[PDB]
Amino acid sequence: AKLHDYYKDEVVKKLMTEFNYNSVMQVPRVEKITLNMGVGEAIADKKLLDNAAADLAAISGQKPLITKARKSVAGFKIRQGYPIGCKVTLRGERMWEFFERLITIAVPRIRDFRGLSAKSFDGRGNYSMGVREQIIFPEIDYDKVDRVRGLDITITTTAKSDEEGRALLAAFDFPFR
Amino acid sequence: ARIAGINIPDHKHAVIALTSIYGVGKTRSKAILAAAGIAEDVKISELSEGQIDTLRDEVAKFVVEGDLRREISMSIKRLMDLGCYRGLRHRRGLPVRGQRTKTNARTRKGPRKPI
Amino acid sequence: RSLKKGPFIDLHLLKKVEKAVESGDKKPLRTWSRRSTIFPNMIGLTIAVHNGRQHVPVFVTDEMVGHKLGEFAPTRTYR
Amino acid sequence: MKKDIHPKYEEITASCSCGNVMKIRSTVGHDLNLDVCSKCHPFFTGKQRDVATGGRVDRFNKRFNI
RNA sequence: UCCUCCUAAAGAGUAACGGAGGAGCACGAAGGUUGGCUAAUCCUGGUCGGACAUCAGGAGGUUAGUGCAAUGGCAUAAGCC
RNA sequence: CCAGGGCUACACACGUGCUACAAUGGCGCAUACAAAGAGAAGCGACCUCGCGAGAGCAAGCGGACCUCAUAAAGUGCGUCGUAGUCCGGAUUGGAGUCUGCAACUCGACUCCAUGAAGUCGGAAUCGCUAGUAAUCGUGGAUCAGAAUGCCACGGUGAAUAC
RNA sequence: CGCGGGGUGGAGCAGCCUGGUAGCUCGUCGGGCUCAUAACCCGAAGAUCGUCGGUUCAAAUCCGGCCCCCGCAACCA
Ligand SMILES: [K+]
Ligand SMILES: [Mg+2]
Ligand SMILES: [Mg+2]
Ligand SMILES: [Mg+2]
Ligand SMILES: [Mg+2]
Ligand SMILES: [Mg+2]
Ligand SMILES: [Mg+2]
Ligand SMILES: [Mg+2]
Ligand SMILES: [Mg+2]
Ligand SMILES: [Mg+2]
Ligand SMILES: [Mg+2]
Ligand SMILES: [Mg+2]
Ligand SMILES: [Mg+2]
Ligand SMILES: [Mg+2]
Ligand SMILES: [Mg+2]
Ligand SMILES: [Mg+2]
Ligand SMILES: [Mg+2]
Ligand SMILES: [Mg+2]
Ligand SMILES: [Mg+2]
Ligand SMILES: [Mg+2]
Ligand SMILES: [Mg+2]
Ligand SMILES: [Mg+2]
Ligand SMILES: [Mg+2]
Ligand SMILES: [Mg+2]
Ligand SMILES: [Mg+2]
Ligand SMILES: [Mg+2]
Ligand SMILES: [Mg+2]
Ligand SMILES: [Mg+2]
Ligand SMILES: [Mg+2]
Ligand SMILES: [Mg+2]
Ligand SMILES: [Mg+2]
Ligand SMILES: [Mg+2]
Ligand SMILES: [Mg+2]
Ligand SMILES: [Mg+2]
Ligand SMILES: [Mg+2]
Ligand SMILES: [Mg+2]
Ligand SMILES: [Mg+2]
Ligand SMILES: [Mg+2]
Ligand SMILES: [Mg+2]
Ligand SMILES: [Mg+2]
Ligand SMILES: [Mg+2]
Ligand SMILES: [Mg+2]
Ligand SMILES: [Mg+2]
Ligand SMILES: [Mg+2]
Ligand SMILES: [Mg+2]
Ligand SMILES: [Mg+2]
Ligand SMILES: [Mg+2]
Ligand SMILES: [Mg+2]
Ligand SMILES: [Mg+2]
Ligand SMILES: [Mg+2]
Ligand SMILES: [Mg+2]
Ligand SMILES: [Mg+2]
């Protein structure tokens, strides 16, 4: 709730002056943070996905959905309705709580973090980070995990352009290159 | 047991614990523990948290981990861009310090190949 | 590397460079002194170092300073 | 949210060596200890110190000095 | 022997050693019914992750899907949970 | 006659070595025992500067005196506890030192970081019958500089030979 | 023209008519052994399966055409 109230108390204002918005609803707001973890190696070992889910459930608050394979493909030897990855679609209250914990204490533990890519936008304000390790989040014990399976964070917003959506994140002291 | 970029050892003496940092060897590690005012015989489990924060500022003096990796990667990439004898040596995957390249050179050249 | 008592260049190459730099840019200098280091004043000159059988032109840049001239003229050709 | 199935999402106090005390809510346990934060990380100075590393001509002048 | 398309001349039917394909089962849920859903192919962006696994968006508008051939059908979906 | 370059190239194959793969071992501190040889544009103390290669000032000695020269394995305490490890120390980046007209092709050594292959080796196969094999250091010749080679020297010191 | 069967490391054979797996024996290259060669011993590579298309999540293996190849038939007047 801290970043949530920060948005309303500050930021709501800061963005109004930049793009001379007519109304307060025109300002981009952050909709959902979708944590994906396409484990993939679960074809060989079935438990390996259950280990990844335990890690996502630790990293986020809520428990992840086990995503099925959409179509069968020969390139990786998978079939229709096979559990291939994990996801969490966290939004609302716990979203802002996670979003604080991400930027404020998780990003800084990225190995040799110099600057995050400002050109990593979808052409519609929706940002996508990809973390290499789990260890960067302080929820994982060091002697528990035995495999470097990263996730990828995807911040979805209401902006109609990446330039409009950059300022939104940048206004939360987001480390860009 | 979380200083610099990585350093997470346990059941290991302090001097040998800090060798696990990239950019810190055996002699460098003794200079850290001398300046910090910590005995080399103790281990990180035995140490307290008040002492570990003094090690964090001490290793911050020296260039370590990704600061170092980039400094090395810059210097090698510099040579290759010049097109000097060392640069040609680097990109070709052959030994640089005027070494024998006929019989041995297996570390730089890699394992054996067919003809 | 060797030599703390003055970075080394041949008398003939120093006087040829000082004469070339004061006049202005012209052409590749035929030089056989590979051993000789590179000074800051040499930057801009396209001096031609002897590889063994011919002279290889080398446009001197900001980086090519601490290095020696023979480093930019491979002697043995391979493949 | 669906109760029972999720893990215990309890409040905890983050306290780094810098001095920034900070309450948060996460699935850890009792307390936390951090190295760095959004404040106190060298990215604002890091990029200043990292980019201005090159310099070959002055390095030569520092050896010869004449 | 059986089913689908044409030949078949805009009702039905209509031959040839005419032209093309299928079937001899499957299923206790792949039936019933209430409640919800909506698809291919892209283009972007994204940890390994590649031409293609998973996520996020957009553009698309049924180009899909329908236990099995084809034809006729299917959004109120007969498709998907 | 001369400047460079080359003899040091490198998909690969073999020969001869060295260093390994560790715990009878690795790294630190306490400190004991050799033999032989060398030296005048030589060998170069005590010093004093240096983290260290070394650098200045210079003692003595053409030597049973002076110097290179603390031999190292070896004890004695410590600490790591079988890990690609505090094993290995390759390979590279940076910073240097000496020699030398000159060290990039192409030297040696030093410091710092780096920390590869390698967990005892397929078919084969080699030397060795006692101060020998094994293993530790040591010196000299050629030599401005440049040994893991060569030629010598001594430490500890086995097994086995029906 | 009809009808079965074929076409896979350099050679000859399996794996092919039950869709996801490429073996065997020689030969070749490397190292041993020998005075040397052979024999012998120890390692290593070498085929996207006739070709062009389908079907399929995926084809050496299913189906269709086309190019060689064997075997069988082209009979009564
Ligand atoms: K009729
Ligand atoms: Mg280290
Ligand atoms: Mg070292
Ligand atoms: Mg050499
Ligand atoms: Mg040529
Ligand atoms: Mg009709
Ligand atoms: Mg009709
Ligand atoms: Mg009619
Ligand atoms: Mg009729
Ligand atoms: Mg039929
Ligand atoms: Mg039936
Ligand atoms: Mg049911
Ligand atoms: Mg029904
Ligand atoms: Mg539209
Ligand atoms: Mg359809
Ligand atoms: Mg159809
Ligand atoms: Mg139904
Ligand atoms: Mg339906
Ligand atoms: Mg020779
Ligand atoms: Mg060479
Ligand atoms: Mg040599
Ligand atoms: Mg040996
Ligand atoms: Mg050793
Ligand atoms: Mg030892
Ligand atoms: Mg060691
Ligand atoms: Mg050591
Ligand atoms: Mg003395
Ligand atoms: Mg002395
Ligand atoms: Mg003094
Ligand atoms: Mg001293
Ligand atoms: Mg000296
Ligand atoms: Mg000295
Ligand atoms: Mg004498
Ligand atoms: Mg003496
Ligand atoms: Mg000596
Ligand atoms: Mg003596
Ligand atoms: Mg163990
Ligand atoms: Mg390794
Ligand atoms: Mg180690
Ligand atoms: Mg290995
Ligand atoms: Mg191994
Ligand atoms: Mg042995
Ligand atoms: Mg045998
Ligand atoms: Mg030894
Ligand atoms: Mg010796
Ligand atoms: Mg001598
Ligand atoms: Mg020796
Ligand atoms: Mg085979
Ligand atoms: Mg052979
Ligand atoms: Mg062929
Ligand atoms: Mg299909
Ligand atoms: Mg196949």
# chains A, B, ... in the order shown; residues from 1 in each chain; ligands from 1
$ residues_around --residues "segment 143-153 of chain A" --least-positions-apart "3" --cutoff "9 Å" --atoms "only C-alpha atoms (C1' of nucleotides)" --output "PyMOL selection string"
(chain A and resi 33-39+51-52+55-56+127-135+140) or (chain E and resi 46-48+55)
$ residues_around --residues "residue 61 of chain G" --least-positions-apart "5" --cutoff "10 Å" --atoms "only C-alpha atoms (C1' of nucleotides)" --output "VMD selection string"
chain G and resid 15 to 17 19 49
$ write_last_selection --atoms "N, CA and C atoms (P, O5', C5', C4', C3', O3' and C1' of nucleotides)" --output "PDB file, in the first residue's frame"
ATOM      1  P     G G  15      14.763 -55.748 -41.135  1.00  0.00           P
ATOM      2  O5'   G G  15      14.908 -54.418 -40.266  1.00  0.00           O
ATOM      3  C5'   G G  15      14.944 -54.460 -38.824  1.00  0.00           C
ATOM      4  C4'   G G  15      15.182 -53.079 -38.249  1.00  0.00           C
ATOM      5  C3'   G G  15      14.133 -52.020 -38.563  1.00  0.00           C
ATOM      6  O3'   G G  15      12.971 -52.096 -37.734  1.00  0.00           O
ATOM      7  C1'   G G  15      16.284 -51.110 -38.904  1.00  0.00           C
ATOM      8  P     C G  16      11.525 -52.453 -38.358  1.00  0.00           P
ATOM      9  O5'   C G  16      11.546 -51.768 -39.798  1.00  0.00           O
ATOM     10  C5'   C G  16      11.679 -50.340 -39.965  1.00  0.00           C
ATOM     11  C4'   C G  16      10.911 -49.858 -41.177  1.00  0.00           C
ATOM     12  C3'   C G  16       9.795 -50.757 -41.681  1.00  0.00           C
ATOM     13  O3'   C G  16       8.664 -50.460 -40.868  1.00  0.00           O
ATOM     14  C1'   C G  16      11.100 -49.947 -43.509  1.00  0.00           C
ATOM     15  P     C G  17       7.415 -51.446 -40.819  1.00  0.00           P
ATOM     16  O5'   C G  17       6.674 -51.131 -42.194  1.00  0.00           O
ATOM     17  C5'   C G  17       5.694 -50.080 -42.311  1.00  0.00           C
ATOM     18  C4'   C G  17       4.424 -50.619 -42.931  1.00  0.00           C
ATOM     19  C3'   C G  17       3.922 -51.947 -42.358  1.00  0.00           C
ATOM     20  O3'   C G  17       2.866 -51.908 -41.379  1.00  0.00           O
ATOM     21  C1'   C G  17       4.289 -52.145 -44.713  1.00  0.00           C
ATOM     22  P     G G  19       3.118 -47.440 -35.840  1.00  0.00           P
ATOM     23  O5'   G G  19       4.707 -47.562 -35.825  1.00  0.00           O
ATOM     24  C5'   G G  19       5.547 -46.579 -35.175  1.00  0.00           C
ATOM     25  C4'   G G  19       5.917 -45.464 -36.130  1.00  0.00           C
ATOM     26  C3'   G G  19       6.589 -44.255 -35.497  1.00  0.00           C
ATOM     27  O3'   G G  19       7.995 -44.503 -35.449  1.00  0.00           O
ATOM     28  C1'   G G  19       4.944 -43.589 -37.112  1.00  0.00           C
ATOM     29  P     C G  49      17.439 -38.135 -46.966  1.00  0.00           P
ATOM     30  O5'   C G  49      17.455 -39.600 -47.589  1.00  0.00           O
ATOM     31  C5'   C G  49      18.696 -40.307 -47.802  1.00  0.00           C
ATOM     32  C4'   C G  49      18.519 -41.795 -47.594  1.00  0.00           C
ATOM     33  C3'   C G  49      17.120 -42.359 -47.854  1.00  0.00           C
ATOM     34  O3'   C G  49      17.151 -43.530 -48.662  1.00  0.00           O
ATOM     35  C1'   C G  49      17.868 -43.009 -45.707  1.00  0.00           C
TER      36        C G  49
END
$ select_by_dssp --residues "chain C" --states "alpha helix (DSSP H)" --output "list in words"
residues 11, 12, 13, 14, 15, 16, 17, 18, 19, 20, 21, 22 and 23 of chain C
$ residues_near_ligand --ligand "ligand 1" --cutoff "10 Å" --atoms "only C-alpha atoms (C1' of nucleotides) and all ligand atoms" --output "list in words"
residues 13, 14 and 15 of chain E
$ write_last_selection --atoms "N, CA, C and O atoms (P, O5', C5', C4', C3', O3' and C1' of nucleotides)" --output "PDB file, in the first residue's frame"
ATOM      1  P     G E  13     -31.472 -37.242 -54.550  1.00  0.00           P
ATOM      2  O5'   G E  13     -31.574 -38.395 -55.650  1.00  0.00           O
ATOM      3  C5'   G E  13     -32.317 -39.605 -55.394  1.00  0.00           C
ATOM      4  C4'   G E  13     -32.715 -40.320 -56.668  1.00  0.00           C
ATOM      5  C3'   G E  13     -31.628 -40.569 -57.701  1.00  0.00           C
ATOM      6  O3'   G E  13     -30.905 -41.746 -57.353  1.00  0.00           O
ATOM      7  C1'   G E  13     -33.513 -39.644 -58.771  1.00  0.00           C
ATOM      8  P     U E  14     -29.311 -41.812 -57.517  1.00  0.00           P
ATOM      9  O5'   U E  14     -29.109 -41.909 -59.095  1.00  0.00           O
ATOM     10  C5'   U E  14     -29.769 -42.916 -59.884  1.00  0.00           C
ATOM     11  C4'   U E  14     -29.648 -42.592 -61.354  1.00  0.00           C
ATOM     12  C3'   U E  14     -28.251 -42.246 -61.849  1.00  0.00           C
ATOM     13  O3'   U E  14     -27.553 -43.433 -62.223  1.00  0.00           O
ATOM     14  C1'   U E  14     -29.819 -40.633 -62.632  1.00  0.00           C
ATOM     15  P     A E  15     -26.455 -44.088 -61.246  1.00  0.00           P
ATOM     16  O5'   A E  15     -25.638 -45.047 -62.218  1.00  0.00           O
ATOM     17  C5'   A E  15     -26.291 -46.089 -62.972  1.00  0.00           C
ATOM     18  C4'   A E  15     -25.630 -46.259 -64.322  1.00  0.00           C
ATOM     19  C3'   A E  15     -24.108 -46.388 -64.309  1.00  0.00           C
ATOM     20  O3'   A E  15     -23.760 -47.761 -64.147  1.00  0.00           O
ATOM     21  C1'   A E  15     -24.764 -44.759 -65.900  1.00  0.00           C
TER      22        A E  15
END
$ closest_atom_pairs --of "segment 32-127 of chain A" --to "segment 16-26 of chain D" --cutoff "8 Å" --atoms "only C-alpha atoms" --output "tab-separated table"
residue	atom	partner	partner_atom	distance
A:60	CA	D:26	CA	7.7
A:61	CA	D:26	CA	6.6
A:97	CA	D:25	CA	6.9
A:101	CA	D:24	CA	7.4
$ atom_distance --atom1 "atom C1' of residue 68 of chain F" --atom2 "atom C1' of residue 30 of chain F"
27.7 Å
$ closest_residue --among "E:70, E:7, E:57, E:41" --to "residue 23 of chain E" --atoms "only C-alpha atoms (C1' of nucleotides)"
E:70
$ residues_near_ligand --ligand "ligand 4" --cutoff "8 Å" --atoms "only C-alpha atoms (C1' of nucleotides) and all ligand atoms" --output "ChimeraX atom specification"
/B:98-100 /F:8,106-107
$ residues_near_ligand --ligand "ligand 37" --cutoff "10 Å" --atoms "only C-alpha atoms (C1' of nucleotides) and all ligand atoms" --output "list in words"
residues 81, 82 and 83 of chain F
$ write_last_selection --atoms "N, CA, C and O atoms (P, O5', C5', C4', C3', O3' and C1' of nucleotides)" --output "PDB file, in the first residue's frame"
ATOM      1  P     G F  81      37.597 -28.230   5.679  1.00  0.00           P
ATOM      2  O5'   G F  81      38.429 -29.441   5.063  1.00  0.00           O
ATOM      3  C5'   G F  81      37.848 -30.391   4.153  1.00  0.00           C
ATOM      4  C4'   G F  81      37.817 -31.751   4.798  1.00  0.00           C
ATOM      5  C3'   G F  81      36.728 -31.927   5.860  1.00  0.00           C
ATOM      6  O3'   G F  81      35.516 -32.570   5.435  1.00  0.00           O
ATOM      7  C1'   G F  81      38.862 -32.790   6.589  1.00  0.00           C
ATOM      8  P     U F  82      35.517 -34.000   4.711  1.00  0.00           P
ATOM      9  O5'   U F  82      35.850 -33.645   3.192  1.00  0.00           O
ATOM     10  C5'   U F  82      35.272 -34.405   2.112  1.00  0.00           C
ATOM     11  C4'   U F  82      36.141 -34.373   0.872  1.00  0.00           C
ATOM     12  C3'   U F  82      36.152 -35.660   0.050  1.00  0.00           C
ATOM     13  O3'   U F  82      36.127 -35.381  -1.348  1.00  0.00           O
ATOM     14  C1'   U F  82      38.355 -35.153   0.753  1.00  0.00           C
ATOM     15  P     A F  83      34.771 -35.547  -2.197  1.00  0.00           P
ATOM     16  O5'   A F  83      34.542 -34.088  -2.795  1.00  0.00           O
ATOM     17  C5'   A F  83      33.735 -33.103  -2.115  1.00  0.00           C
ATOM     18  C4'   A F  83      34.252 -31.711  -2.392  1.00  0.00           C
ATOM     19  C3'   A F  83      34.786 -31.455  -3.802  1.00  0.00           C
ATOM     20  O3'   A F  83      33.729 -31.038  -4.664  1.00  0.00           O
ATOM     21  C1'   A F  83      36.369 -30.718  -2.186  1.00  0.00           C
TER      22        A F  83
END
$ residues_around --residues "residue 40 of chain A" --least-positions-apart "6" --cutoff "9 Å" --atoms "only C-alpha atoms (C1' of nucleotides)" --output "PyMOL selection string"
(chain A and resi 49+76+83-85) or (chain E and resi 53-54)
$ write_last_selection --atoms "N, CA and C atoms (P, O5', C5', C4', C3', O3' and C1' of nucleotides)" --output "PDB file, in the first residue's frame"
ATOM      1  N   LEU A  49       8.982 -28.617 -11.973  1.00  0.00           N
ATOM      2  CA  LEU A  49       7.973 -27.557 -12.054  1.00  0.00           C
ATOM      3  C   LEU A  49       7.367 -27.259 -10.675  1.00  0.00           C
ATOM      4  N   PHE A  76      10.657 -29.053 -29.446  1.00  0.00           N
ATOM      5  CA  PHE A  76      10.955 -29.271 -28.022  1.00  0.00           C
ATOM      6  C   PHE A  76      10.321 -30.524 -27.403  1.00  0.00           C
ATOM      7  N   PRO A  83       1.946 -29.566 -18.848  1.00  0.00           N
ATOM      8  CA  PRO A  83       2.393 -28.488 -17.959  1.00  0.00           C
ATOM      9  C   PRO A  83       3.848 -28.086 -18.212  1.00  0.00           C
ATOM     10  N   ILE A  84       4.032 -26.911 -18.815  1.00  0.00           N
ATOM     11  CA  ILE A  84       5.339 -26.463 -19.310  1.00  0.00           C
ATOM     12  C   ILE A  84       5.969 -25.265 -18.569  1.00  0.00           C
ATOM     13  N   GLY A  85       5.137 -24.462 -17.896  1.00  0.00           N
ATOM     14  CA  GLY A  85       5.604 -23.316 -17.110  1.00  0.00           C
ATOM     15  C   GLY A  85       4.676 -22.902 -15.978  1.00  0.00           C
TER      16      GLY A  85
ATOM     17  P     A E  53       7.091 -19.982 -29.353  1.00  0.00           P
ATOM     18  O5'   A E  53       6.384 -21.268 -28.733  1.00  0.00           O
ATOM     19  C5'   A E  53       7.148 -22.241 -28.005  1.00  0.00           C
ATOM     20  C4'   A E  53       6.259 -23.063 -27.107  1.00  0.00           C
ATOM     21  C3'   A E  53       5.854 -22.391 -25.799  1.00  0.00           C
ATOM     22  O3'   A E  53       4.612 -22.898 -25.305  1.00  0.00           O
ATOM     23  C1'   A E  53       7.421 -24.126 -25.366  1.00  0.00           C
ATOM     24  P     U E  54       3.240 -22.058 -25.470  1.00  0.00           P
ATOM     25  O5'   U E  54       3.078 -21.338 -24.059  1.00  0.00           O
ATOM     26  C5'   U E  54       2.905 -22.098 -22.846  1.00  0.00           C
ATOM     27  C4'   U E  54       3.591 -21.426 -21.675  1.00  0.00           C
ATOM     28  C3'   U E  54       3.283 -19.952 -21.465  1.00  0.00           C
ATOM     29  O3'   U E  54       1.998 -19.762 -20.884  1.00  0.00           O
ATOM     30  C1'   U E  54       5.614 -20.274 -21.335  1.00  0.00           C
TER      31        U E  54
END
$ select_by_dssp --residues "segment 6-51 of chain D" --states "strand (DSSP E)" --output "list in words"
residues 10, 11, 12, 13, 14, 15, 21, 22, 23, 24, 25 and 26 of chain D
$ write_last_selection --atoms "C-alpha atoms" --output "mmCIF file, in the first residue's frame"
data_model
loop_
_atom_site.group_PDB
_atom_site.id
_atom_site.type_symbol
_atom_site.label_atom_id
_atom_site.label_comp_id
_atom_site.auth_asym_id
_atom_site.auth_seq_id
_atom_site.Cartn_x
_atom_site.Cartn_y
_atom_site.Cartn_z
ATOM 1 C CA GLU D 10 3.208 -11.711 6.970
ATOM 2 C CA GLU D 11 4.643 -8.239 7.710
ATOM 3 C CA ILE D 12 8.414 -7.868 8.331
ATOM 4 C CA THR D 13 11.094 -5.186 8.860
ATOM 5 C CA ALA D 14 13.864 -4.666 6.276
ATOM 6 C CA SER D 15 16.996 -2.998 7.692
ATOM 7 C CA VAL D 21 14.762 1.023 7.939
ATOM 8 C CA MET D 22 11.768 -0.141 5.885
ATOM 9 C CA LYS D 23 8.708 -2.242 6.809
ATOM 10 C CA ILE D 24 7.372 -4.553 4.050
ATOM 11 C CA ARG D 25 5.133 -7.632 3.668
ATOM 12 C CA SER D 26 6.540 -10.918 2.312
#
$ residues_around --residues "residue 7 of chain D" --least-positions-apart "4" --cutoff "9 Å" --atoms "only C-alpha atoms (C1' of nucleotides)" --output "list in words"
residues 57, 58, 61, 62 and 63 of chain A; 27 of chain D
$ atom_distance --atom1 "atom CA of residue 80 of chain A" --atom2 "atom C1' of residue 53 of chain G"
27.7 Å
$ atom_distance --atom1 "atom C1' of residue 50 of chain E" --atom2 "atom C1' of residue 57 of chain G"
17.7 Å
$ residues_near_ligand --ligand "ligand 34" --cutoff "8 Å" --atoms "only C-alpha atoms (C1' of nucleotides) and all ligand atoms" --output "list in words"
residues 45, 66, 67 and 69 of chain F
$ write_last_selection --atoms "N, CA, C and O atoms (P, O5', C5', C4', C3', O3' and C1' of nucleotides)" --output "PDB file, in the first residue's frame"
ATOM      1  P     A F  45      75.496  -8.332  -2.882  1.00  0.00           P
ATOM      2  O5'   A F  45      76.376  -8.568  -1.575  1.00  0.00           O
ATOM      3  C5'   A F  45      75.764  -8.676  -0.277  1.00  0.00           C
ATOM      4  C4'   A F  45      76.798  -8.989   0.780  1.00  0.00           C
ATOM      5  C3'   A F  45      76.489  -8.441   2.169  1.00  0.00           C
ATOM      6  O3'   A F  45      75.557  -9.248   2.885  1.00  0.00           O
ATOM      7  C1'   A F  45      78.739  -7.966   1.623  1.00  0.00           C
ATOM      8  P     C F  66      85.838 -14.786   5.592  1.00  0.00           P
ATOM      9  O5'   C F  66      86.083 -13.965   4.247  1.00  0.00           O
ATOM     10  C5'   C F  66      86.203 -12.529   4.262  1.00  0.00           C
ATOM     11  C4'   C F  66      85.780 -11.933   2.938  1.00  0.00           C
ATOM     12  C3'   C F  66      84.464 -12.421   2.352  1.00  0.00           C
ATOM     13  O3'   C F  66      83.348 -11.781   2.972  1.00  0.00           O
ATOM     14  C1'   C F  66      86.112 -12.380   0.657  1.00  0.00           C
ATOM     15  P     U F  67      82.005 -12.604   3.308  1.00  0.00           P
ATOM     16  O5'   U F  67      81.266 -12.689   1.900  1.00  0.00           O
ATOM     17  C5'   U F  67      80.776 -11.496   1.270  1.00  0.00           C
ATOM     18  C4'   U F  67      80.580 -11.708  -0.213  1.00  0.00           C
ATOM     19  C3'   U F  67      79.535 -12.735  -0.611  1.00  0.00           C
ATOM     20  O3'   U F  67      78.215 -12.215  -0.497  1.00  0.00           O
ATOM     21  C1'   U F  67      81.477 -13.063  -1.908  1.00  0.00           C
ATOM     22  P     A F  69      72.539 -15.817  -3.546  1.00  0.00           P
ATOM     23  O5'   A F  69      73.158 -16.581  -2.291  1.00  0.00           O
ATOM     24  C5'   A F  69      73.182 -16.002  -0.968  1.00  0.00           C
ATOM     25  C4'   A F  69      73.458 -17.067   0.072  1.00  0.00           C
ATOM     26  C3'   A F  69      74.663 -16.827   0.985  1.00  0.00           C
ATOM     27  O3'   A F  69      74.424 -17.345   2.294  1.00  0.00           O
ATOM     28  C1'   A F  69      74.993 -18.817  -0.225  1.00  0.00           C
TER      29        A F  69
END
$ residues_near_ligand --ligand "ligand 7" --cutoff "8 Å" --atoms "only C-alpha atoms (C1' of nucleotides) and all ligand atoms" --output "PDB file with C-alpha atoms (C1' of nucleotides), in the first residue's frame"
ATOM      1  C1'   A E   8     -26.085 -34.810 -62.269  1.00  0.00           C
ATOM      2  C1'   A E  10     -30.595 -24.799 -59.790  1.00  0.00           C
ATOM      3  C1'   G E  11     -36.859 -30.357 -56.746  1.00  0.00           C
ATOM      4  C1'   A E  12     -35.930 -36.105 -56.195  1.00  0.00           C
ATOM      5  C1'   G E  13     -33.513 -39.644 -58.771  1.00  0.00           C
TER       6        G E  13
END
$ residues_near_ligand --ligand "ligand 52" --cutoff "10 Å" --atoms "only C-alpha atoms (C1' of nucleotides) and all ligand atoms" --output "list in words"
residues 19, 20, 21, 22, 48, 49, 58, 59, 60 and 61 of chain G
$ write_last_selection --atoms "C-alpha atoms (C1' of nucleotides)" --output "PDB file, in the first residue's frame"
ATOM      1  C1'   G G  19       4.944 -43.589 -37.112  1.00  0.00           C
ATOM      2  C1'   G G  20       9.490 -40.009 -32.253  1.00  0.00           C
ATOM      3  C1'   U G  21      15.034 -45.054 -31.613  1.00  0.00           C
ATOM      4  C1'   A G  22      19.923 -45.539 -37.090  1.00  0.00           C
ATOM      5  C1'   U G  48      19.574 -36.669 -42.743  1.00  0.00           C
ATOM      6  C1'   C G  49      17.868 -43.009 -45.707  1.00  0.00           C
ATOM      7  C1'   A G  58       7.008 -35.192 -35.633  1.00  0.00           C
ATOM      8  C1'   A G  59       8.223 -39.288 -41.851  1.00  0.00           C
ATOM      9  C1'   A G  60      14.148 -43.699 -43.240  1.00  0.00           C
ATOM     10  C1'   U G  61       9.556 -45.780 -41.556  1.00  0.00           C
TER      11        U G  61
END
$ residues_near_ligand --ligand "ligand 24" --cutoff "9 Å" --atoms "only C-alpha atoms (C1' of nucleotides) and all ligand atoms" --output "list in words"
residues 25, 26 and 27 of chain F
$ residues_around --residues "segment 42-50 of chain D" --least-positions-apart "4" --cutoff "8 Å" --atoms "only C-alpha atoms (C1' of nucleotides)" --output "compact mmCIF listing (two decimals) with C-alpha atoms, in the first residue's frame"
# COMPACT_ATOMS: atom_id res chain seq x y z
CA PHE A 113 23.36 -4.09 -12.02
CA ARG A 114 24.55 -1.13 -14.10
CA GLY A 115 21.32 0.03 -15.77
CA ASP B 67 33.56 -3.66 -12.40
